[PDB]
Structure formats: structure tokens, C-alpha cells
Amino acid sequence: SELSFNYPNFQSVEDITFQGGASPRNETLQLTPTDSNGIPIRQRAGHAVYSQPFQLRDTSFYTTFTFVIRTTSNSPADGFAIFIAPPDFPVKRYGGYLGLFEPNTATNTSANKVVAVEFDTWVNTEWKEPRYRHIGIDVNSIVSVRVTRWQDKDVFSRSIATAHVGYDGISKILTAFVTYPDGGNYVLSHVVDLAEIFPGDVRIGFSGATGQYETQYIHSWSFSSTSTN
């Protein structure tokens, strides 16, 4: 179906739903909570999602957002993701589950219905993932179906980075481009039929988790979807 929205900043959150530890702060979406001294709270997850459901049958979309990873040490955890799931998808487990999965089914593709582009700051040993920080496409599992190295210079840049995520409903391809000002660029694509996974309504949004020593912020976000008939 057709949907568009545009948040150049978040001084309005009229159509954003906050769950778990996410909240609106300083004109941004703050995905995990900080204490009254500004210190990242361990072992929390949060979601900030566009509140209106849409459908993926016969649909393409384009979305872009800007984000900042704020770290307070060289060992930040866990990262965040932009995700699509059903409208009643709740905040799930903190830590390396990124607010998207739970321990007993996190690698079981038959037990999950969620697609995401993840920005993963902590190399987990509890499941298979690369030995470096990485950006990944996830389809119904915390073990990414496509993954690439995310350079530490960019992770720790303090820069406002830009993501572009697009879904071609004809070819059934999900693509992320991530760019850093005077830094790295990243390209990831995967063939996946999102209408087959999600035959009814979905919501799109963000999920962040700690971990430790990290806070994730979304500074702007826009979206457009269009029919492919």
C-alpha cells in the first residue's frame, strides 16, 4: 500500500510509538535509556516505530534516516536495527538479541517473522556472526543472511551517518546503502519476498539494545511506498 512520511527532526512524534526503553529526547529518537547522569543503562531494549500499519503486497519502498551511535568506551554493545514486523510485534530481548529476538528461538527461522537491517556493535559468541563489528540483513534470525564489515573508524566517528533502505517489490530485493561523511560507504542486498513473509499488515521502525556504554539515536527519517501495479 501507499504511505509516506517525513521527519526532518523529532520535535514532533505525533505518529511515532515508543516501547520498552526508547523515548523522544533532544529532537531525536533515543532507542535505549540513559540514567539521570546521562549514563547508558545496561540490559535494556527499546523500539520507536511508525504507528500506522501498511501492507507489502505489490509494493516497493524507499526509506532514509540519519543516526548517531554515542559510545562511552571502546567496548560498546549492542547496536540497533531498522525492522519490519507485524503491528503487534513487541520489544524482545536486550543484549545481542537487539530487541528483536529471544534466546530460545533467536536462530530459528520458522519461529520468527521479522526482517531487519542491523548495525551490530558487539561480536557475539553465542551464535554465528563475524569477528568484527558489522552491518547485516536479518530474515527471521539473529544470524544475518548477508553481512559486511562495519569499520571501527566509522562506528566510533561520532558522525551523523545516513542509511538508505529500499525494497524493490518486482525483483523482491532489499537493499541498504550506509554512508559516513568523509568515511565509509556500505552496500548490502538480499533477495527476499517480503509479501510472502508478511501477508497482512506490518509496521516499520527501529529497535536498539544494550549492552553497555552505548546509546543509539535517530535524528531524521522519511519513507515512501508505492504500488507496483
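Residue numbers run from 1 along the displayed sequence.
- A summary of the deposited B-factors shows that, of 79-87 and 146-154, the stretch with the larger mean C-alpha value is 146-154.
- Look at the mean CA B-factor for 34-42 and for 48-56 in the entry; the higher one is 34-42.
- Ranking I204, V68, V192, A176 by the C-alpha B-factor listed in the PDB entry places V192 at the top.
- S224: CA B factor lies in the middle third for its chain, per the PDB record.
- The deposited CA B-factor of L100 belongs to the lowest third of values across its chain.
- Sort the chain's modelled residues by C-alpha temperature factor and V139 lands in the lowest third, per the entry.
- In this PDB entry, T64 carries a Cα temperature factor that places it within the lowest third of its chain's modelled residues.
- Residue-level temperature factors show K128 in the highest third of its chain, judged at the C-alpha atom.
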